[PDB]
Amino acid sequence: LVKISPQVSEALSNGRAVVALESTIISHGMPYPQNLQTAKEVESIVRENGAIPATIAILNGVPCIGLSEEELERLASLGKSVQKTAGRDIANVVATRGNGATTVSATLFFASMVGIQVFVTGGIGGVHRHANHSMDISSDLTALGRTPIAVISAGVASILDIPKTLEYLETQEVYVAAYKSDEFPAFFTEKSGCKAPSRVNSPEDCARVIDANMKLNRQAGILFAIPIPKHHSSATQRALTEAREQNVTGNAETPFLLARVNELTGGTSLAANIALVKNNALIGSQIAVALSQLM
């Protein structure tokens, strides 16, 4: 049922480094054709650092692990009209023969299915603000707690509740480590105000943790949090307030906040988002190559 691209299939069969990539960043992070440009630049960074990129999406009901140029452009061109597909939506998107842009929870599922150990993303979903009134908590976190894969993120955006997100990850048995810092990063910016529960200082360090996790057959995964580079590192609070006073909820809520943050920052937040996923791709690829060498 799942279609693995020729390049990814070759790599997996030969034990070469593969880096999984998600597609909601393509459909919902930015408009066409900038979304396509970024996805291709991310894939190029993966290839230029010795790994094979496996962008995951669902197209016409077919889960695809590894996308061709045609599939990337086709996905990107549909823009925000593509179904944002969490793990729980996969079966429905398949059954309806639809297109789906897979989130972290869905991409985890497919990456694990075929034995990809490293999954590069921008930021992971989290515990939402005021969750003690709503219980709005991303399935990304639950999925990572029972999928043994390493997610390479730039931390968690302050749109979400970062302290509670860290607590929920801990409850779900997810190892969380910041890269070359004692501070947990906050996606757009390096400062979250939260201490990192653990630290790793090199791609080789990361690969050794992953290797141990694999060998032990633990069922919980890992969140690496790579602070956005210092050269690429009010709007959130105002966007949040506006969000409440205009009662934006459900599926509209998260796209509204990110868009508002981008508008209020005049493109600065999106630019940072682009910079961080590229940085995650660099470090993630180095981790994957180091891991492949270990194995």
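Throughout, we count residues from 1 along the sequence that is shown.
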{"item": "Sequence continuity check, residue 233 and residue 234 (deposited residues unmodelled)", "value": "4 to 9"}
{"item": "Stretch with the greater mean C-alpha B-factor as recorded in the entry, comparing 284-292 against 2-10", "value": "2-10"}
{"item": "Selected stretch [higher average CA B-factor]: 224-232 or 37-45", "value": "224-232"}
{"item": "Highest recorded Cα temperature factor - choice among 63, 50, 53, 255", "value": "255"}
{"item": "Selection by C-alpha B-factor (highest) of 214, 154, 116, 194", "value": "194"}
{"item": "B-factor third for the C-alpha atom of residue 163 within its chain", "value": "middle"}
{"item": "Third of the chain's Cα B-factor distribution that residue 279 belongs to, per the entry", "value": "middle"}
{"item": "Position of residue 126 among the chain's modelled residues by C-alpha B-factor, lowest, middle or highest third", "value": "middle"}
{"item": "Chain-relative CA temperature factor third for residue 80", "value": "highest"}
{"item": "Relative C-alpha B-factor of residue 57, binned into the chain's lowest, middle or highest third", "value": "lowest"}
